[PDB]
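Encoded as structure tokens, the following chain is the form deposited in one PDB entry, with no partner shown.
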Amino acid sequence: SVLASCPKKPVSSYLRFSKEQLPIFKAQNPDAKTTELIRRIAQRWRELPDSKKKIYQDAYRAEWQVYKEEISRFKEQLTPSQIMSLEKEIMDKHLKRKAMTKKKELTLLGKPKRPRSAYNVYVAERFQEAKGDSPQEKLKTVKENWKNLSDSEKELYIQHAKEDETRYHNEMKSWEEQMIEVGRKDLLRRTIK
């Protein structure tokens, strides 16, 4: 909202060169992978005489002066409420990226899944059965069927949950022992129940 309209900074000298060069490298080798092309483009950059790098550097510097003007005139026409909104939007985006980065990191470190309750075991064992033309409606259905379960049957899912609590404690003790060894004592629970 405020962030959407905020002037964006110009790209540096090399990234400018990189974006005219990529489509020509791609058009000549449409099968070769983008990581190989960028790897091939970087050196066209290293090899490029400094008289030619200066053409890209001069454009960057000239656009940097447009940016300074654009951003100064932008920030100074914002109301206090729009300044707060811009700061909250930037903060929220940064936190979304940090949270997402941490989840990918913990998956690479092989963090155990948390205990799956009897309802979670139910949703796994009997979801695609549930009538629904949308995954959200197949779940909406699962919630009613879960309630309609006989007491006899729900105790079957409670024991599956019970034995998964044991799996959680075992795997966590093992994973947390491994994190101290990898030097990630920070990833440990402070309150281990």
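Only the largest set of C-alpha atoms that superpose within 1.5 Å between the two forms is called the rigid core. So that there is no doubt, residue numbering starts at 1 and follows the sequence shown.
Can you tell me whether 10-18 has a higher mean C-alpha B factor than 170-178 in this record, or the other way round?
Averaged over C-alpha atoms, the B-factors run higher in 10-18.
Which is higher on mean Cα B factor in this entry, 161-169 or 24-32?
Looking at the record's C-alpha B-factors, the answer is 24-32.
When the deposited Cα B-factors of this chain's modelled residues are ordered and cut into thirds, is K53 in the lowest, the middle or the highest one?
It falls in the middle third of the chain.
In terms of the chain's CA B-factor thirds, is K193 lowest, middle or highest?
Tercile = highest for this residue's CA B-factor.
C-alpha B factor of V66, ranked within the chain: lowest, middle or highest third?
Its C-alpha B-factor belongs to the middle third of this chain's values.
Going by the entry, which third of its chain does the Cα temperature factor of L139 land in?
For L139, whose C-alpha B-factor we compare with every modelled residue in the chain, the answer is the highest third.
For the chain shown, is the CA B-factor of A59 in the lowest, middle or highest third of its modelled residues?
It belongs to the lowest third of the chain when residues are ordered by C-alpha B-factor.
Separately, the form deposited in another entry exists; it is not shown, and the next lines address it.
Look at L48 and decide if its Cα position differs by 2 Å or more between the shown form and the other one after superposing on the rigid core.
After core superposition, the C-alpha of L48 moves less than 2 Å between the shown form and the other one.
Look at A32 and decide if its Cα position differs by 2 Å or more between the shown form and the other one after superposing on the rigid core.
Moves: yes, 2 Å or greater.
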